[PDB]
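Visitor: Next comes my_file.pdb, PDB, C-alpha atoms:
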ATOM      1  CA  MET A   1      28.458  -9.717  25.134  1.00  0.00           C
ATOM      2  CA  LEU A   2      28.289 -13.258  23.753  1.00  0.00           C
ATOM      3  CA  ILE A   3      25.133 -13.673  21.669  1.00  0.00           C
ATOM      4  CA  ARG A   4      24.448 -11.244  18.820  1.00  0.00           C
ATOM      5  CA  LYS A   5      21.744  -9.001  20.281  1.00  0.00           C
ATOM      6  CA  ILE A   6      20.018  -5.920  18.868  1.00  0.00           C
ATOM      7  CA  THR A   7      20.620  -2.267  19.742  1.00  0.00           C
ATOM      8  CA  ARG A   8      18.181  -0.036  21.621  1.00  0.00           C
ATOM      9  CA  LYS A   9      17.736   3.175  19.628  1.00  0.00           C
ATOM     10  CA  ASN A  10      17.078   2.735  15.907  1.00  0.00           C
ATOM     11  CA  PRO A  11      18.559   5.259  13.408  1.00  0.00           C
ATOM     12  CA  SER A  12      15.919   7.673  12.113  1.00  0.00           C
ATOM     13  CA  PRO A  13      16.848   9.256   8.730  1.00  0.00           C
ATOM     14  CA  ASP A  14      15.545  12.620   7.524  1.00  0.00           C
ATOM     15  CA  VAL A  15      12.730  10.989   5.548  1.00  0.00           C
ATOM     16  CA  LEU A  16      11.716   8.949   8.592  1.00  0.00           C
ATOM     17  CA  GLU A  17      11.192  11.960  10.858  1.00  0.00           C
ATOM     18  CA  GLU A  18       9.533  13.779   7.959  1.00  0.00           C
ATOM     19  CA  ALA A  19       6.852  11.109   7.562  1.00  0.00           C
ATOM     20  CA  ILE A  20       6.010  10.920  11.270  1.00  0.00           C
ATOM     21  CA  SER A  21       5.932  14.722  11.401  1.00  0.00           C
ATOM     22  CA  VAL A  22       2.972  15.156   9.056  1.00  0.00           C
ATOM     23  CA  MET A  23       1.284  12.182  10.721  1.00  0.00           C
ATOM     24  CA  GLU A  24       1.366  14.117  13.992  1.00  0.00           C
ATOM     25  CA  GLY A  25      -0.521  16.984  12.381  1.00  0.00           C
ATOM     26  CA  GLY A  26      -3.239  14.612  11.241  1.00  0.00           C
ATOM     27  CA  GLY A  27      -2.637  14.886   7.512  1.00  0.00           C
ATOM     28  CA  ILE A  28      -2.607  12.593   4.482  1.00  0.00           C
ATOM     29  CA  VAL A  29       0.675  11.294   3.078  1.00  0.00           C
ATOM     30  CA  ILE A  30       1.117  10.023  -0.488  1.00  0.00           C
ATOM     31  CA  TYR A  31       3.738   7.623  -1.847  1.00  0.00           C
ATOM     32  CA  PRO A  32       4.134   6.278  -5.426  1.00  0.00           C
ATOM     33  CA  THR A  33       5.790   2.897  -6.005  1.00  0.00           C
ATOM     34  CA  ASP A  34       6.659   0.588  -8.911  1.00  0.00           C
ATOM     35  CA  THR A  35       3.178   1.374 -10.241  1.00  0.00           C
ATOM     36  CA  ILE A  36       1.419   4.733  -9.813  1.00  0.00           C
ATOM     37  CA  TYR A  37       0.796   7.193  -6.980  1.00  0.00           C
ATOM     38  CA  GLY A  38      -0.129   5.569  -3.689  1.00  0.00           C
ATOM     39  CA  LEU A  39      -1.489   6.699  -0.337  1.00  0.00           C
ATOM     40  CA  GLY A  40      -0.296   6.097   3.205  1.00  0.00           C
ATOM     41  CA  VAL A  41      -1.643   7.461   6.478  1.00  0.00           C
ATOM     42  CA  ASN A  42      -2.492   6.468  10.057  1.00  0.00           C
ATOM     43  CA  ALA A  43      -5.132   3.815   9.360  1.00  0.00           C
ATOM     44  CA  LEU A  44      -6.212   3.548  13.004  1.00  0.00           C
ATOM     45  CA  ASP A  45      -6.849   7.291  12.888  1.00  0.00           C
ATOM     46  CA  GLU A  46     -10.150   9.030  12.143  1.00  0.00           C
ATOM     47  CA  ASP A  47      -8.241  11.277   9.745  1.00  0.00           C
ATOM     48  CA  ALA A  48      -7.923   8.284   7.420  1.00  0.00           C
ATOM     49  CA  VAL A  49     -11.677   7.679   7.297  1.00  0.00           C
ATOM     50  CA  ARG A  50     -12.273  11.332   6.413  1.00  0.00           C
ATOM     51  CA  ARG A  51      -9.627  11.573   3.685  1.00  0.00           C
ATOM     52  CA  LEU A  52     -10.898   8.239   2.370  1.00  0.00           C
ATOM     53  CA  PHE A  53     -14.391   9.452   1.467  1.00  0.00           C
ATOM     54  CA  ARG A  54     -12.745  12.473  -0.156  1.00  0.00           C
ATOM     55  CA  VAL A  55     -10.862  10.379  -2.719  1.00  0.00           C
ATOM     56  CA  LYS A  56     -13.547   7.748  -3.324  1.00  0.00           C
ATOM     57  CA  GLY A  57     -16.856   9.279  -2.287  1.00  0.00           C
ATOM     58  CA  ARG A  58     -18.855   6.343  -3.632  1.00  0.00           C
ATOM     59  CA  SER A  59     -20.189   3.882  -1.050  1.00  0.00           C
ATOM     60  CA  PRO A  60     -19.178   3.493   2.641  1.00  0.00           C
ATOM     61  CA  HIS A  61     -19.941  -0.226   2.381  1.00  0.00           C
ATOM     62  CA  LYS A  62     -16.829  -1.178   0.411  1.00  0.00           C
ATOM     63  CA  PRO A  63     -13.681  -2.431   2.231  1.00  0.00           C
ATOM     64  CA  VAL A  64     -10.405  -0.494   2.290  1.00  0.00           C
ATOM     65  CA  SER A  65      -6.845  -1.477   1.383  1.00  0.00           C
ATOM     66  CA  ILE A  66      -3.973  -1.203   3.865  1.00  0.00           C
ATOM     67  CA  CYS A  67      -0.177  -1.364   3.657  1.00  0.00           C
ATOM     68  CA  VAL A  68       2.242  -3.656   5.487  1.00  0.00           C
ATOM     69  CA  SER A  69       5.722  -5.188   5.270  1.00  0.00           C
ATOM     70  CA  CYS A  70       4.713  -8.847   5.016  1.00  0.00           C
ATOM     71  CA  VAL A  71       2.217 -11.498   6.128  1.00  0.00           C
ATOM     72  CA  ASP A  72       4.286 -11.904   9.291  1.00  0.00           C
ATOM     73  CA  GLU A  73       3.645  -8.246  10.117  1.00  0.00           C
ATOM     74  CA  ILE A  74      -0.136  -8.674   9.852  1.00  0.00           C
ATOM     75  CA  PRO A  75      -0.763 -11.857  11.950  1.00  0.00           C
ATOM     76  CA  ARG A  76      -3.815 -11.034  14.065  1.00  0.00           C
ATOM     77  CA  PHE A  77      -4.521  -8.290  11.511  1.00  0.00           C
ATOM     78  CA  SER A  78      -6.140 -10.330   8.741  1.00  0.00           C
ATOM     79  CA  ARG A  79      -7.335 -13.881   8.106  1.00  0.00           C
ATOM     80  CA  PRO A  80      -4.729 -16.005   6.258  1.00  0.00           C
ATOM     81  CA  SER A  81      -4.381 -19.690   5.380  1.00  0.00           C
ATOM     82  CA  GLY A  82      -1.844 -22.375   4.522  1.00  0.00           C
ATOM     83  CA  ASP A  83      -1.717 -22.947   0.770  1.00  0.00           C
ATOM     84  CA  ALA A  84      -3.172 -19.445   0.489  1.00  0.00           C
ATOM     85  CA  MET A  85      -0.079 -17.773   1.933  1.00  0.00           C
ATOM     86  CA  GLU A  86       2.017 -20.167  -0.143  1.00  0.00           C
ATOM     87  CA  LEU A  87       0.666 -18.814  -3.431  1.00  0.00           C
ATOM     88  CA  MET A  88       1.580 -15.254  -2.453  1.00  0.00           C
ATOM     89  CA  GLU A  89       4.874 -16.298  -0.855  1.00  0.00           C
ATOM     90  CA  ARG A  90       5.815 -17.489  -4.336  1.00  0.00           C
ATOM     91  CA  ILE A  91       5.840 -14.179  -6.227  1.00  0.00           C
ATOM     92  CA  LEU A  92       6.290 -11.547  -3.497  1.00  0.00           C
ATOM     93  CA  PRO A  93       6.839  -8.766  -2.941  1.00  0.00           C
ATOM     94  CA  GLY A  94       5.960  -6.621  -5.943  1.00  0.00           C
ATOM     95  CA  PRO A  95       3.653  -3.920  -7.390  1.00  0.00           C
ATOM     96  CA  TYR A  96       0.645  -6.154  -6.704  1.00  0.00           C
ATOM     97  CA  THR A  97      -2.035  -5.715  -4.045  1.00  0.00           C
ATOM     98  CA  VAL A  98      -3.042  -8.563  -1.732  1.00  0.00           C
ATOM     99  CA  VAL A  99      -6.663  -8.697  -0.586  1.00  0.00           C
ATOM    100  CA  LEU A 100      -7.502 -11.099   2.246  1.00  0.00           C
ATOM    101  CA  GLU A 101     -10.277 -11.718   4.773  1.00  0.00           C
ATOM    102  CA  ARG A 102     -10.813  -9.621   7.909  1.00  0.00           C
ATOM    103  CA  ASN A 103      -9.997 -10.547  11.508  1.00  0.00           C
ATOM    104  CA  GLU A 104     -12.096  -9.827  14.603  1.00  0.00           C
ATOM    105  CA  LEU A 105     -11.684  -6.085  13.980  1.00  0.00           C
ATOM    106  CA  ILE A 106     -14.572  -4.025  15.379  1.00  0.00           C
ATOM    107  CA  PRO A 107     -13.900  -0.688  13.548  1.00  0.00           C
ATOM    108  CA  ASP A 108     -16.161  -0.998  10.504  1.00  0.00           C
ATOM    109  CA  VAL A 109     -14.743   2.282   9.195  1.00  0.00           C
ATOM    110  CA  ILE A 110     -11.804   0.341   7.760  1.00  0.00           C
ATOM    111  CA  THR A 111     -13.270  -3.150   7.377  1.00  0.00           C
ATOM    112  CA  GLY A 112     -16.256  -1.694   5.544  1.00  0.00           C
ATOM    113  CA  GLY A 113     -19.758  -3.125   5.458  1.00  0.00           C
ATOM    114  CA  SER A 114     -18.308  -6.567   4.770  1.00  0.00           C
ATOM    115  CA  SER A 115     -15.937  -9.024   6.445  1.00  0.00           C
ATOM    116  CA  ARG A 116     -12.939  -8.417   4.182  1.00  0.00           C
ATOM    117  CA  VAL A 117      -9.873  -6.162   4.164  1.00  0.00           C
ATOM    118  CA  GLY A 118      -7.292  -5.331   1.519  1.00  0.00           C
ATOM    119  CA  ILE A 119      -3.513  -5.175   1.833  1.00  0.00           C
ATOM    120  CA  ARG A 120      -0.552  -4.054  -0.281  1.00  0.00           C
ATOM    121  CA  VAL A 121       3.103  -5.109  -0.292  1.00  0.00           C
ATOM    122  CA  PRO A 122       4.945  -2.357  -2.242  1.00  0.00           C
ATOM    123  CA  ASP A 123       8.673  -2.019  -2.877  1.00  0.00           C
ATOM    124  CA  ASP A 124       8.851   1.006  -0.567  1.00  0.00           C
ATOM    125  CA  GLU A 125      11.745   0.251   1.790  1.00  0.00           C
ATOM    126  CA  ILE A 126      10.820   3.068   4.181  1.00  0.00           C
ATOM    127  CA  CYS A 127       7.083   2.362   4.121  1.00  0.00           C
ATOM    128  CA  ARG A 128       8.037  -1.267   4.760  1.00  0.00           C
ATOM    129  CA  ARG A 129       9.563  -0.494   8.157  1.00  0.00           C
ATOM    130  CA  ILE A 130       6.740   1.704   9.457  1.00  0.00           C
ATOM    131  CA  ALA A 131       4.005  -0.539   8.054  1.00  0.00           C
ATOM    132  CA  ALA A 132       5.818  -3.525   9.553  1.00  0.00           C
ATOM    133  CA  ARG A 133       4.983  -2.402  13.079  1.00  0.00           C
ATOM    134  CA  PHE A 134       2.078   0.048  12.877  1.00  0.00           C
ATOM    135  CA  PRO A 135      -0.313  -0.640   9.942  1.00  0.00           C
ATOM    136  CA  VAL A 136      -1.136   2.143   7.476  1.00  0.00           C
ATOM    137  CA  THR A 137      -3.855   3.024   4.965  1.00  0.00           C
ATOM    138  CA  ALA A 138      -2.941   2.132   1.381  1.00  0.00           C
ATOM    139  CA  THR A 139      -5.153   3.562  -1.364  1.00  0.00           C
ATOM    140  CA  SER A 140      -4.409   4.237  -5.037  1.00  0.00           C
ATOM    141  CA  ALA A 141      -4.501   7.944  -5.903  1.00  0.00           C
ATOM    142  CA  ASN A 142      -5.965   7.797  -9.414  1.00  0.00           C
ATOM    143  CA  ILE A 143      -9.690   8.489  -9.060  1.00  0.00           C
ATOM    144  CA  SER A 144     -11.699  11.122 -10.945  1.00  0.00           C
ATOM    145  CA  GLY A 145      -9.813  14.225 -12.043  1.00  0.00           C
ATOM    146  CA  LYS A 146      -6.027  14.379 -11.775  1.00  0.00           C
ATOM    147  CA  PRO A 147      -5.098  12.591  -8.490  1.00  0.00           C
ATOM    148  CA  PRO A 148      -1.499  11.582  -9.510  1.00  0.00           C
ATOM    149  CA  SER A 149       0.778  14.628  -9.435  1.00  0.00           C
ATOM    150  CA  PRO A 150       3.652  14.980 -11.951  1.00  0.00           C
ATOM    151  CA  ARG A 151       5.697  17.437  -9.889  1.00  0.00           C
ATOM    152  CA  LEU A 152       6.866  16.928  -6.303  1.00  0.00           C
ATOM    153  CA  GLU A 153       7.093  20.684  -5.723  1.00  0.00           C
ATOM    154  CA  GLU A 154       3.554  21.044  -7.068  1.00  0.00           C
ATOM    155  CA  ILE A 155       2.034  18.960  -4.271  1.00  0.00           C
ATOM    156  CA  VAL A 156       3.769  20.724  -1.381  1.00  0.00           C
ATOM    157  CA  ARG A 157       2.690  23.991  -2.990  1.00  0.00           C
ATOM    158  CA  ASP A 158      -1.031  23.264  -3.305  1.00  0.00           C
ATOM    159  CA  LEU A 159      -1.399  21.128  -0.178  1.00  0.00           C
ATOM    160  CA  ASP A 160       0.510  23.358   2.256  1.00  0.00           C
ATOM    161  CA  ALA A 161      -0.043  20.661   4.884  1.00  0.00           C
ATOM    162  CA  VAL A 162      -2.879  18.542   3.493  1.00  0.00           C
ATOM    163  CA  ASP A 163      -1.350  15.828   1.306  1.00  0.00           C
ATOM    164  CA  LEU A 164       2.309  15.757   2.339  1.00  0.00           C
ATOM    165  CA  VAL A 165       4.576  14.783  -0.551  1.00  0.00           C
ATOM    166  CA  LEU A 166       7.371  12.189  -0.374  1.00  0.00           C
ATOM    167  CA  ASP A 167      11.168  12.400  -0.291  1.00  0.00           C
ATOM    168  CA  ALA A 168      11.717   9.084  -2.067  1.00  0.00           C
ATOM    169  CA  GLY A 169       9.320   9.447  -4.976  1.00  0.00           C
ATOM    170  CA  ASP A 170       8.208   6.794  -7.459  1.00  0.00           C
ATOM    171  CA  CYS A 171       9.946   3.469  -8.100  1.00  0.00           C
ATOM    172  CA  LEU A 172       9.219   1.990 -11.536  1.00  0.00           C
ATOM    173  CA  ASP A 173       6.680   2.551 -14.337  1.00  0.00           C
ATOM    174  CA  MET A 174       3.611   4.747 -13.870  1.00  0.00           C
ATOM    175  CA  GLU A 175       1.623   1.840 -15.323  1.00  0.00           C
ATOM    176  CA  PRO A 176       0.137  -0.625 -15.149  1.00  0.00           C
ATOM    177  CA  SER A 177      -0.925  -2.093 -11.792  1.00  0.00           C
ATOM    178  CA  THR A 178      -1.652  -5.585 -10.462  1.00  0.00           C
ATOM    179  CA  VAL A 179      -4.633  -6.462  -8.265  1.00  0.00           C
ATOM    180  CA  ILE A 180      -4.756  -9.762  -6.368  1.00  0.00           C
ATOM    181  CA  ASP A 181      -7.605 -10.803  -4.065  1.00  0.00           C
ATOM    182  CA  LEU A 182      -5.936 -13.659  -2.176  1.00  0.00           C
ATOM    183  CA  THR A 183      -8.771 -14.644   0.161  1.00  0.00           C
ATOM    184  CA  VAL A 184      -8.354 -18.312   1.077  1.00  0.00           C
ATOM    185  CA  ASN A 185      -7.322 -21.397  -0.936  1.00  0.00           C
ATOM    186  CA  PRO A 186      -8.423 -19.949  -4.338  1.00  0.00           C
ATOM    187  CA  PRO A 187      -6.187 -16.917  -5.123  1.00  0.00           C
ATOM    188  CA  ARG A 188      -7.702 -14.103  -7.175  1.00  0.00           C
ATOM    189  CA  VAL A 189      -4.426 -13.030  -8.778  1.00  0.00           C
ATOM    190  CA  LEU A 190      -5.723 -10.630 -11.421  1.00  0.00           C
ATOM    191  CA  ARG A 191      -3.174  -8.373 -13.116  1.00  0.00           C
ATOM    192  CA  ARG A 192      -4.428  -5.504 -15.276  1.00  0.00           C
ATOM    193  CA  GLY A 193      -2.984  -6.509 -18.636  1.00  0.00           C
ATOM    194  CA  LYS A 194      -3.693  -5.343 -22.178  1.00  0.00           C
ATOM    195  CA  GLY A 195      -5.912  -6.757 -24.910  1.00  0.00           C
ATOM    196  CA  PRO A 196      -5.342 -10.054 -26.796  1.00  0.00           C
ATOM    197  CA  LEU A 197      -2.030  -9.049 -28.376  1.00  0.00           C
ATOM    198  CA  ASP A 198       0.699 -10.312 -26.044  1.00  0.00           C
ATOM    199  CA  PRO A 199       4.299 -10.183 -27.394  1.00  0.00           C
ATOM    200  CA  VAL A 200       4.908 -13.539 -29.077  1.00  0.00           C
ATOM    201  CA  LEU A 201       8.292 -15.235 -29.462  1.00  0.00           C
ATOM    202  CA  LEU A 202       8.268 -15.242 -33.268  1.00  0.00           C
ATOM    203  CA  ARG A 203      11.000 -13.920 -35.560  1.00  0.00           C
ATOM    204  CA  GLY A 204      10.860 -10.152 -35.974  1.00  0.00           C
ATOM    205  CA  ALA A 205      13.734  -7.693 -35.614  1.00  0.00           C
ATOM    206  CA  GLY A 206      12.425  -5.086 -38.039  1.00  0.00           C
ATOM    207  CA  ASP A 207      10.567  -2.734 -35.707  1.00  0.00           C
ATOM    208  CA  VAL A 208      10.692  -0.134 -38.484  1.00  0.00           C
TER
END
Please rewrite the model in this file as structure tokens.

Guide:
Amino acid sequence: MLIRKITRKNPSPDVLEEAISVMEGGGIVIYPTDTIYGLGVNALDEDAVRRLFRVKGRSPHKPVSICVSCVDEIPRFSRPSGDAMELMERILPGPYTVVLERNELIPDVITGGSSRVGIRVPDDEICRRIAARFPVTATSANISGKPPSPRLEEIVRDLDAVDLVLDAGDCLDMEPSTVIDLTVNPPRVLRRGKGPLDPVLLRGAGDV
């Protein structure tokens, strides 16, 4: 061979075959990242619409958030722009969610009762590969009750085959979380910060 080409069969680790396994059984898969517990499942599957109302259970008119590798992975998936993609291309990836417009997608079960769709670019290396090709559902597991589990063995125990746990686990801090609604030119970068008491750069070494 002369030119540097690509192989045929791609290596599939243990975690890779484990994720596609539960997906075959039509179940929900969770995955925490730099922020808190996240959710990932076959978005183009009816199983996602069902497990969606279970977590939220508010109004079927609100759009849903999905997961992908990058803007290049979701071309004809969403509606992007020039300077718009530039703003996000500046500080990406990260534990922030990217909400954009919606393409000519017919399924209103994912697009919601509006013409907008959410996206999320986490630091999950594995989820980055799968989401790159086939898109997945990305929802934050932190609704009413105790959605985020503290023990990996606790999830597999309760949800025998419902909410399949993860082999990778979390990534960074359990909190907080950033939410950006990058629609068009005007970006809605809105991080969930604290009250008016940001750490100044004054002189203070006596923390005691």

Visitor: May I have the protein, DNA and RNA residues with any atom at most 12 Å from the point (1.2, -2.5, -11.4), counting only C-alpha atoms, written as a PyMOL selection string?

Guide: chain A and resi 32-38+93-97+120-123+140+171-180+190-193

Visitor: Which residues, named as in the file, does the PyMOL selection byres ((chain A and resi 81-84) around 10) pick out? Answer as a list in words.

Guide: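 On this input, the PyMOL selection byres ((chain A and resi 81-84) around 10) captures residues 79, 80, 85, 86, 87, 88, 89, 100, 101, 182, 183, 184, 185, 186 and 187 of chain A.
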
Visitor: For region 105-114 of chain A, find every residue with an atom within 10 Å (counting all atoms listed in the file), except residues of its own chain fewer than 3 positions away, and show them as a list in words.

Guide: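 Skipping anything fewer than 3 positions along the chain leaves residues 43, 44, 45, 46, 48, 49, 50, 52, 59, 60, 61, 62, 63, 64, 65, 66, 76, 77, 78, 101, 102, 117, 118 and 137 of chain A.
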
Visitor: Could you work out how far CA of residue 149 (chain A) lies from CA of residue 51 (chain A), giving the answer in Å with one decimal?

Guide: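 CA of residue 149 (chain A) lies at a distance of 17.0 Å from CA of residue 51 (chain A).
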
Visitor: Take CA of residue 119 (chain A) and CA of residue 132 (chain A) and report the distance between them in Å, one decimal.

Guide: 12.2 Å

Visitor: Please report the interatomic distance between CA of residue 115 (chain A) and CA of residue 127 (chain A) in Å with one decimal.

Guide: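 Separation of CA of residue 115 (chain A) and CA of residue 127 (chain A): 25.8 Å.
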
Visitor: Name all residues at most 8 Å from region 14-17 of chain A (count only C-alpha atoms; drop same-chain ones fewer than 2 positions away) and give them as number ranges by chain.

Guide: A: 12, 19-21, 126, 167-168

Visitor: With C-alpha atoms retained, could you export that selection as a compact mmCIF listing (two decimals), in the frame of the given file?

Guide:
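The result, stored in again.txt:
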# COMPACT_ATOMS: atom_id res chain seq x y z
CA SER A 12 15.92 7.67 12.11
CA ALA A 19 6.85 11.11 7.56
CA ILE A 20 6.01 10.92 11.27
CA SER A 21 5.93 14.72 11.40
CA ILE A 126 10.82 3.07 4.18
CA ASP A 167 11.17 12.40 -0.29
CA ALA A 168 11.72 9.08 -2.07

Visitor: For residue 130 (chain A), which of A:68, A:1, A:57, A:197 is the closest residue, counting all atoms listed in the file?

Guide: A:68

Visitor: Go through the shown structure with the PyMOL selection byres ((chain A and resi 164) around 8) and write out the matching residues as number ranges by chain.

Guide: A: 22, 27-30, 155-156, 159-163, 165-166

Visitor: Could you work out an axis-aligned box for region 201-208 of chain A, taking every atom the file lists and adding 8 Å on each side, and report centre and edge lengths in Å to one decimal, as AutoDock Vina command-line options?

Guide:
--center_x 11.0 --center_y -7.7 --center_z -34.0 --size_x 21.5 --size_y 31.1 --size_z 25.0
